[PDB]
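Starting off, we have a lone chain in the form deposited in one PDB entry, written out as structure tokens.
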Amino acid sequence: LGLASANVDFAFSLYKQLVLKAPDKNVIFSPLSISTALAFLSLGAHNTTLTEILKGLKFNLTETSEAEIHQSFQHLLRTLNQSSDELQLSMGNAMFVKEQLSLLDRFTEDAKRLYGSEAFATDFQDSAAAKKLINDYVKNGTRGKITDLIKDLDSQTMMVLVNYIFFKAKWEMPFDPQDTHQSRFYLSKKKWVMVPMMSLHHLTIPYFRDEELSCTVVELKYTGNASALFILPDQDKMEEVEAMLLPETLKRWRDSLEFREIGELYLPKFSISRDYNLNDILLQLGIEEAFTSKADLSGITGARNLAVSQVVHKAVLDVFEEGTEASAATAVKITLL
């Protein structure tokens, strides 16, 4: 729907930034996870601290109220939080609160009905323990993937808002591990490399090749309401293509895609992990005040004493012959002003 195009919009801006940082490196993150956690945080924000996040997320307040937006998130978590037979989807939200603190009811309830958040009283006093506790909830929810989410813990940390997402799915037309073999993978215009290339032959898959952008779009579906769209820009087109990553250029890919028999398809078999500290990225996206001493998070307790310290994000992605596993977590470090 409309507010789904916001989420897409927020994904591409976040990507555009993460690349400005280290273009040369691979990328991997879940946009949905990030958007849910800052929408969750937003549940506790007020005034400008609120406008900002709700605008850093790419929402059009001119046409949407804060209740409609929060609702969007509940319906969505409701709809997708369900593992089919051949496709596992899991989404979780929890709030780790230090024992001393009593949080407003409106907040604890809204957390429950709206985002399905689980509470946990914590002793952020003894960092060592509080830490492990959060890490278990994440690794537990990600079936052993995100294992080092929180690595350090401020003894001043009054609260932490977490979100995890897990995806396990199979290919509709899986590769033959017997046919998997080494091949050249071009890092650059001349610097090649040997890599395990997974190959398939004579498949009829949703393809598309648009020249106005100089790239090729192929679609491989998973046995489930989920599919992977691989975009292959030509040599020296990557920049141009990332320039055009817009909710609309995506809308196009998915329309123009027409089934076709492909003689040969080659896809590397990869496994990648990435840690992220999102403070600077958020700042660039305009989510500023929440990080400042002018933090207005009164929605949580009932006074302007809380502020955000850090928003980190870990993701892992394995792409093998039989299918795909993917997973990520977002945690918001909330410190007392």
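Residues carry their position along the shown sequence, with the first being 1. In this text, the rigid core denotes the largest set of C-alpha atoms whose superposition between the two forms falls within 1.5 Å.
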Stretch with the greater mean C-alpha B-factor as recorded in the entry, comparing 34-42 against 50-58: 50-58
Which is higher on average in the deposited entry, the C-alpha temperature factors of 227-235 or of 248-256? 248-256
Take the CA temperature factors straight from the PDB entry and tell me which of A128, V97, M194, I150 peaks. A128
Checking the entry, which one of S188, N93, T142, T216 has the top C-alpha B factor? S188
Give the position of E66 by CA B-factor within its chain, expressed as the lowest, middle or highest third. lowest
Lowest, middle or highest third - CA B-factor, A315: lowest
What third of the chain, by the recorded C-alpha B-factor, contains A331? lowest
State the tercile, meaning the lowest, middle or highest third, of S309 with respect to the CA B-factors recorded for its chain. middle
By the record's CA B-factor, is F167 among the lowest, middle or highest third of residues in the chain? lowest
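Beyond what is shown, the protein has a form deposited in another entry; the following relates to that form.
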Determine, with the core as the superposition reference, the one member of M158, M198, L149, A111 that shifts its CA by 2 Å or more between the shown form and the other one. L149
Is_shifted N140 between the shown form and the other one (CA, 2 Å cut-off, rigid core): yes
Compared with this form, is the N305-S155 Cα separation smaller or larger in the other entry, the difference being 3 Å or more? closer
Relative to what is shown, are the Cα atoms of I150 and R113 closer or farther apart in the other entry, where the gap shifts by 3 Å or more? farther
